[PDB]
Structure formats: C-alpha cells, structure tokens
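Just below is one structure, and these are the notes that go with it.
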RNA sequence: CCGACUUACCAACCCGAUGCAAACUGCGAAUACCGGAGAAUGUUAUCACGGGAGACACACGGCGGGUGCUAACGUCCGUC
RNA sequence: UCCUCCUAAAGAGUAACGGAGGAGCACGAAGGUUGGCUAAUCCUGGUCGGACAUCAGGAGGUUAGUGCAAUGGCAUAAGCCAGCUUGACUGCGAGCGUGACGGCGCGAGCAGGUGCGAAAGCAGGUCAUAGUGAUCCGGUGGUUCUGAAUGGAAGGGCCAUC
RNA sequence: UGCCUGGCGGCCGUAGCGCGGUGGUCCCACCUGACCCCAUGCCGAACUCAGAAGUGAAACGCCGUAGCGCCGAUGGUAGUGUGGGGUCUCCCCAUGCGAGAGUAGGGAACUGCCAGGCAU
RNA sequence: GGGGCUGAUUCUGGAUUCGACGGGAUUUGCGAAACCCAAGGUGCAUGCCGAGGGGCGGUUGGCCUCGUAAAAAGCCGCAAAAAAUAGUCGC
Ligand SMILES: [Mg+2]
Ligand SMILES: [Mg+2]
Ligand SMILES: [Mg+2]
Ligand SMILES: [Mg+2]
Ligand SMILES: [Mg+2]
Ligand SMILES: [Mg+2]
Ligand SMILES: [Mg+2]
Ligand SMILES: [Mg+2]
Ligand SMILES: [Mg+2]
Ligand SMILES: [Mg+2]
Ligand SMILES: [Mg+2]
Ligand SMILES: [Mg+2]
Ligand SMILES: [Mg+2]
Ligand SMILES: [Mg+2]
Ligand SMILES: [Mg+2]
Ligand SMILES: [Mg+2]
Ligand SMILES: [Mg+2]
Ligand SMILES: [Mg+2]
Ligand SMILES: [Mg+2]
Ligand SMILES: [Mg+2]
Ligand SMILES: [Mg+2]
Ligand SMILES: [Mg+2]
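Protein chains in written order, with the entry's author numbering: chain M, 1 to 136; chain O, 2 to 117; chain A, 7 to 85; chain E, 2 to 178; chain c, 4 to 55.
And the structure:
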C-alpha cells in the first residue's frame, strides 16, 4: 500500500466529496480507465487493481496511477465510548469525482487493454469505464 | 545605485512632509551644480526655483560646485519666496547629509528671511 | 477511557473593519482594528500602538489602493 | 604610486591595441588590495588576535579591523560576535605603495619560488592568492615573532574578464608561470 | 531568579518616588536616572533605593 | 575477467506536464453585514427610562460542517 | 487562567473530553531621537581552513531576521550598527472599540518640565496580540485633612507603594 | 512652437526583465587630488570640500526587437440567493449574479509643474 | 485495555574513547591512466584469417607466436590438501 511519507498534520476533517473531476483526459498513455461514479478509493484497492492489470498485461508496456491516496481516514477502536478525542489513523483514501481518470496505459493493443481493465475494475467499488486518448 | 540609495533614504522624509501637508524646499546636489526649489503641498506644483545653471546667478560666481554658489542660490530663492509671499517652508535634505554645500545653502536661506 | 490534548483556545479580540467605508465619523473614532498594518494610515488618519487607525478629523472614510506596492490606505475626506 | 605613474600610460597603450578598445576609461583598472590575517584557532587565547593585528600592522602600516563571525559554525564550536582574524584594505596611493613592495621585495624570504599560479582568478579576474608566512615581508623579521601565520592577499581589479586581468598583471610584471 | 522590584526616590527634599523592576545579579550598579518631580515641577536625579 | 552491459529495482537540483490540502492562496463569486439617497406600505412596528414577570433541560426538518462508520428517532455549532 | 491557526458557513461573534502549539518572562537597554546600512542560500579564486569560519567577485531579491509559540505585518524598513539621552514624565483628555457587570484597550489635543534632531518633527515604553489575581485585612513615606471638652498625640481618610 | 536632459508628482505588472547600439553643443555620471571641517569602529568602498585633463568604458537615458514576465475578451464551465423536485453521503428545472484557469487578442507606457541647453 | 517513573552519570544544551580500526582534507616521489607526445636507435611490425593454452580447462582473443597457421605463454581456476588456533588441565 502507498501513502505519503510525511504530512504536516496527522489528522484531518471528514470533508465532503462534491463537485466534478479535474483530470478527465488521458495525457500520458493511449488507453485509460476512468471512474464514472462517486466514491473514495483506498490504497489497498488501488494496489489490488494495479497488481491485477500488471499480471493481466504481463508488464508489456507502462502503467500510470493518476490518483493517489492522501486523505487519512481514522476509526475509533471497538467497544469504546464517544468523545475522548479523535480516533487514531486507520488507513488512507483518495477522493474520487465522476469523470476522473484512474489508470492509464499504452503499448498494449486495444483488446488486451480492454481485457485487462475489465478485470482490474472489479477490485474497485466505484464503477469505471474505458476510454481512448484523442486529439484534444 | 548611489541615486537609488539616496532615494531610499530620502523617501522617508518625503512621505513625512507629504503627510504633514506643508510646503517643502528641496535640494538637488551634484558635484558640479546645486539646485533648489520649493514645492506646493500637493507635491505636483513648483512655486519658485533657483540654481547655478542660470546666468542670473552664474555670472558673478567663481565655480558652481561650492558653498559660495549654494549660499547665493539660497539667498536668491529666499528673496523670491519672500517677494511672492512664501515665508513658512520646511527644508528637505533629499538624502544628502546636512553638511557643507547643502548646510551652507540652508543657512543662507534661513538668514535671508525664510524661517524653517 | 483515555485522555486527549490540545483542548485549549483563546478569546477573540473582535478585530475587523468597524466603519466599513462611506460613513461619517468623528475625531478620535476608531476605523479598523488589526494585528498587522493591513491598512495603512492616509490623510487625517493616525496609527495606534496596536496598528489601529483612528480618524483625527470628522469627515468621510474612504478606501483606496495607492503606493508602489498596491497597499490599501484609509483616507479621511474632510468635506 | 611610482609604478602607477610610470606604467599607466604604457599599459593603456598596450591593452587598447590588444583588445581593440575605443576609450581611455575602457582599459582594465585597479580597484583595491585586500589582506586578511585569518586567525581561526585563537578562541582559547585572545593574544593571538593581538599578535595578528600587530603583524599585519607591521606588514602594512594601518590598524587591522578585528572581524567578527556572522554564522556561528558548529564545526569549530564558535559563536557569532567573537573576534576571528583581521582584514586590511588599501585604496589608491597605499594600494600602489604595497603593490611595489609585494612585487619587488617578496622573493628573498620565500623558498621554492618557481612563480605564481596563473589560474587564481575568481571568474572576473580579481587575483586572490595566498602566502604561507609573514616574515616574507621585509618589515617583519624572524627574531621578534613567536608564531608563524600567512596571508590571503587579493588584488581586486576593474578587469572585466580573467584574460584581461592576466594581461593586466603580465604588463605589471608579476611572476606567472 | 526573577526581576527584583525597586523604588527610585527623588534626591530633592520631597519624598516622591517611582517604582520599577531590576535584575540585581547582572547589573549590580544602582539605577540613577533623571525623572520628573511633580512636587517641584522639575526634572531631578532619582537614585535607586530599596522597595521597603 | 576489466564486466560487453540494463539486470520486470531505486535513484539530488534543473525543466515539461498530472492531481490533492480546514490549519496553502499569484486570483476569486452569490449570499451575509454597514453606511448615503428615493418613492410605496406597515395600528411607532424603532429607541430611552421606570413597575412586573417568566426563562438559562429544547427536539425535528432544510441548508454548511466537527465528531461517529458522511451509521443511529446519537451528539456538538450557525440560519429559517 | 491567558494568547496564536482551523473547524467558524468571505462583517462581529459562535460549541465539543476537536485538531495543532505556547504563556505565569527578559531588557536602564532589547526604550526615545538622529545619522548610516541591507540578507538567507548557492557558484568561482585563495596558506594552514576541512560538507563548515575570516576574505575578493558573481547568481538571487527577503525564499533571511523579529528575545520567544503561532497569525497578521515590516524596504520610509517594525530587520542591523553608531552618537546623545531617560517620554519606561506629571495632571488631564474631545472621541471610539469591546464586555451583563467588575472591567480592558486605542486615542488627537491642553498645561508644566525634558531628550534627540540645524529644522520640519518624534518620544505618555518595547512591530501588535499571552507574561497575569477583585475585595477585605494589614506594612512603608508624604499629606492643603479628620483629632469625640480644649492643645497635641493615638487612629482613620487622601496620594504613591508592598 | 518641436529635440533630447534635470528636478517634483499622478498613475504603481499592458508601468517590469533579456537582446541589438547609439547620446556629450547642454545636464548627470566616471574622475583629479585633498593640510582644511568632515569622514572610515582599516582604507575618500560611502558623506564632503576644492575642479573640469579626459571619457560616455561602467552607469543613466533613448530607439526597435514577441525571448520572457504581464493585461486579458466573446462563448463555455464550476458555484449559488429564491421557489419547486429526484434515484437525496449527491444531483434536476424556472430564475437572476455569474467566477478561476486556458484561447482570440493587446503590449516594448502615458501624463502635470518649473529649471536650463538646442533650431525658431 | 488505559495512567505515572525510567531509557540522564548526567539531569546544568557544548565528553578529543589519549590509544588501534573507516573517512576527510594540507605538505612529498612518480608509472600514457597522477601525466600530454614519434624521435634519438633505425627494425621488419600496427591491423588483416589467427592455435587453444603449465598436469587439466579457461579471460576482452590477443598479454605468445609467425609466415600464409601451430606448439600455444605473460594471468585465472585444480591448486598450499602448515586452517586447525590463549592459560589451566589424565594414563
Ligand atoms: Mg458569515
Ligand atoms: Mg421593563
Ligand atoms: Mg426588568
Ligand atoms: Mg446559562
Ligand atoms: Mg443552569
Ligand atoms: Mg425542561
Ligand atoms: Mg440547542
Ligand atoms: Mg438545525
Ligand atoms: Mg447535516
Ligand atoms: Mg441523524
Ligand atoms: Mg440528548
Ligand atoms: Mg468571521
Ligand atoms: Mg532611520
Ligand atoms: Mg535642541
Ligand atoms: Mg513582541
Ligand atoms: Mg476575605
Ligand atoms: Mg482631642
Ligand atoms: Mg496619621
Ligand atoms: Mg555605454
Ligand atoms: Mg463569460
Ligand atoms: Mg474570466
Ligand atoms: Mg485568461
């Protein structure tokens, strides 16, 4: 699992994930898998999808993980009361907006890309879709 | 660079005079010529000026760049200010240290009616 | 159970703009209270010990942006 | 300023036709001469600073300026404000007077003097060079000195480029390689 | 240690005085100053004295 | 063997792009709030003083949020 | 108990056993005036001297610094030196901000006497915000007072202060 | 009245950097030397006080350069005050206000006082 | 599953382990790899196909070669198959 090496502060507010995406087009590779729904992807899910696509393509090209988990999500320990401070950090997630590109690749043919992203998408809660880079 | 430093060390007095809203008599000093002129409180109008670049007070001076010419310039500008009604005016060093030529000019202006 | 730190806080000093510009003020009236000199003193405006701009003459409060650094100045128009 | 008045016109005439100059002021000139008695290992005893300030005064008649640290480097365990070394700067007449002494009477007291480095230019050609002893100067003898310290001479010139400074020094007959 | 509290009494015939702080470990010398004296309306020299 | 060389690895600045931040802002809205002018309307609805109280256990929904698991007919703030 | 940032929803204010840090001081100079000055970092040359000092030049312009934790500011510099000094004065004070209140803070200007500056002008502490404790009871010095029949004194009040 | 120069301001990021080379009859700078009267916590590096031998070499200023920094439309998008809704951790419609960034483009500053030196 | 004391020979912010063992920089001789070169000698080589190498096999195929290709020998492995290891300690 990937996470920031260090941060200014350990705990952060819950916040709200509303709005539209910022990076909605593939700018590195030729084929891309982009989230169409709304949710929060975790580092474990990202790593699982990356491993799935890598073993599907046999590393016959390059892989780009556009998103990065940088939001620390904390959960209180089981069987404890309310209050008494904020719970300890549990994991790290990345806020996801609809239309944001998740994974990018190139080199592999269209069939291989679509058969790899098809099995790599099942490791993520948010529904995804396959797109190809265009001329602007 | 020297001119920039002089402006840097004189803009404090410039702003002080501007915020006081009085009349200021400024002194431009160069090794060859020394000017002097009073400025309206708004800072955009000139009421009287005198310098060593004019024949009127240049034809009776040995050299322009000395305390003797600065004294004559101060006397002339003070007399013109008095005859035009200007009597109360502060003195701006314009970044030049108050000594020698500028000090002599200021003393001549003070002695010729213009009280500081 | 447990204990948690950083439970302290400080009382607000009620800073900000008081006259908001365009109002008629009196001599000695405080216009703005601030920590740093966000607004500089202009015409008929004095600077307090804690960078408070107080009008020294009755008139109108005006906000303008002058200076080489585009700093905000408070001006008292004695109309 | 004997060397000054003698060689100024000659070096101007040489350098103008060498570098295709078009004005008298364009010839490279001499700004100042600086020298620092960099006495570092003197924190325990301040007497070393006084000895340095006396030896430098004997070398060039003036009062050396006792310099103070401004960074407090912990590699030597020092605090800023403590005296470290003393610098002397000479302009014009004194610069020329010390230049002739450093040009003429500098060889007898030094050993293995096979010349001086030709690549001692700080890009702009200011010629900072160091000497390993003080008794090299005729003013200071060996009987009256207790310690042995050198100097960090620097002849700061108005030359635009390193080759112009080198030509400047060669015309001033300085012993290069 | 902390800053000791001292009293600067007027050298004149009046018993007027001011109060101030002092660190009497690094500056053992007395605090002689020139202060205004409301009794005589004149600035006079105030020596330093104990807070007693 | 010098290693021919890149060995599904890591790799300072400098540039070219791609994202994130309540304790980042070179920028920056709507609304909120103060003041100046004007018609129309509202039983002065506004302010000052005096007599008399009551009250300082609120809950839900809408909106922006902390906390909680963006769980609770849970809890803590601001407006209706 | 007090202060700085966010939650705090672009005026003020706004809660939690929320998230993050400090304060219970120092300074007769670390204040006032005047004059002067502008770094952090990196590159090149140079005797020890070195990833590091003290020097000479260059790149860069506040990415340094504020006596302190944080925020807002500082080039006219609030940042750094030099000379003189005690305004770190006394009695007031139009007006305003902030609090239910006790309270707290800013403040032009007046009278007396000072310090700096040729002068215009500045100084009623420190770049500002934490560095603090009501009342009662008593101690110390002065007092244009009170003094239980008179004259004092005891005591109390008043001012400064513990 | 037109040329450029000096001083004081308005305007303070189309008003600022890089490159090309010009300016001296004027004004400025460089500079000469310095016991004074002043100065360096060492040196006329800076203040200065006595001047014009030379130079525009560095500056300063001027003319063009689209390499930069910047100013930046229309349209579109995000956001939302009100009312009304859905599949309500978010979104739709009727309404006004409508950003930021990025395109098209603009651009090598204008302007007020005297003080002289220039042709008239 | 949560609090307090230790992780200090100093609490009080500045130990040369005195020494051997890494690493730095300063003052010395030299070897085209600490140098940049064909000029004295005036011989038969650069490279061009190179043969498989001490007892055995092998290195960029040239460190060893020459006539038209073969023994290869300057190093590395088998090999040195003394590495068997303080003081006291039984017949
Ligand atoms: Mg609000
Ligand atoms: Mg009532
Ligand atoms: Mg009532
Ligand atoms: Mg209550
Ligand atoms: Mg109650
Ligand atoms: Mg109840
Ligand atoms: Mg409630
Ligand atoms: Mg509610
Ligand atoms: Mg809610
Ligand atoms: Mg609920
Ligand atoms: Mg309840
Ligand atoms: Mg607010
Ligand atoms: Mg100053
Ligand atoms: Mg005086
Ligand atoms: Mg402070
Ligand atoms: Mg009691
Ligand atoms: Mg009695
Ligand atoms: Mg009594
Ligand atoms: Mg030029
Ligand atoms: Mg539009
Ligand atoms: Mg826009
Ligand atoms: Mg744009």
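All C-beta atoms in this analysis are idealised placements derived from N, C-alpha and C, irrespective of residue type, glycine included.
Report buried or exposed for residue i, applying the criterion of at least 16 other Cβ atoms within 10 angstroms of its Cβ.
i: residue 60 of chain E; result: buried
i: residue 30 of chain E; result: exposed
i: residue 43 of chain c; result: exposed
i: residue 78 of chain M; result: exposed
i: residue 89 of chain E; result: buried
i: residue 80 of chain A; result: buried
i: residue 82 of chain M; result: exposed
i: residue 32 of chain O; result: exposed
i: residue 85 of chain A; result: exposed
i: residue 52 of chain O; result: buried
i: residue 126 of chain E; result: buried
In this structure, what does DSSP give as the bridge partners for residue i?
i: residue 37 of chain E; result: E:88
i: residue 40 of chain M; result: M:95
i: residue 32 of chain M; result: M:104, M:131
i: residue 70 of chain A; result: A:79
i: residue 72 of chain M; result: M:92
i: residue 20 of chain c; result: c:12
Under the three-state reduction of DSSP, which class applies to residue i: helix, strand or coil?
i: residue 45 of chain M; result: helix
i: residue 17 of chain E; result: helix
i: residue 83 of chain E; result: coil
i: residue 20 of chain O; result: helix
i: residue 13 of chain c; result: strand
i: residue 2 of chain M; result: coil
i: residue 96 of chain E; result: helix
i: residue 45 of chain c; result: strand
i: residue 30 of chain O; result: strand
i: residue 118 of chain M; result: helix
i: residue 5 of chain O; result: helix
i: residue 143 of chain E; result: coil
i: residue 2 of chain E; result: coil
i: residue 25 of chain O; result: strand
i: residue 99 of chain O; result: coil
i: residue 125 of chain E; result: coil
i: residue 81 of chain M; result: coil
Have a look at residue i and residue j and give me their C-alpha separation to the nearest angstrom.
i: residue 133 of chain M; j: residue 27 of chain M; result: 7 Å
i: residue 51 of chain M; j: residue 135 of chain M; result: 30 Å
i: residue 99 of chain M; j: residue 23 of chain M; result: 8 Å
i: residue 166 of chain E; j: residue 8 of chain O; result: 35 Å
i: residue 91 of chain M; j: residue 41 of chain M; result: 11 Å
i: residue 54 of chain A; j: residue 42 of chain A; result: 11 Å
i: residue 21 of chain O; j: residue 39 of chain O; result: 15 Å
i: residue 16 of chain M; j: residue 31 of chain A; result: 44 Å
i: residue 12 of chain M; j: residue 72 of chain M; result: 7 Å
i: residue 233 of chain E; j: residue 35 of chain O; result: Look at the range of chain E in this structure, 2 to 178, and you will see that residue 233 of chain E is not part of it.
i: residue 172 of chain E; j: residue 42 of chain O; result: 60 Å
i: residue 95 of chain O; j: residue 16 of chain O; result: 12 Å
i: residue 131 of chain M; j: residue 105 of chain M; result: 11 Å
i: residue 141 of chain E; j: residue 56 of chain E; result: 7 Å
i: residue 133 of chain E; j: residue 93 of chain O; result: 54 Å
i: residue 168 of chain E; j: residue 16 of chain E; result: 8 Å
Could you name the residues of the region 82-93 of chain M whose beta carbon sits closer than 8 Å to any beta carbon of chain A, in the order they occur along the chain?
84, 85, 86
Taking any Cβ of chain M, which residues in the region 33-63 of chain A have a Cβ under 7 Å from it, in chain order?
none
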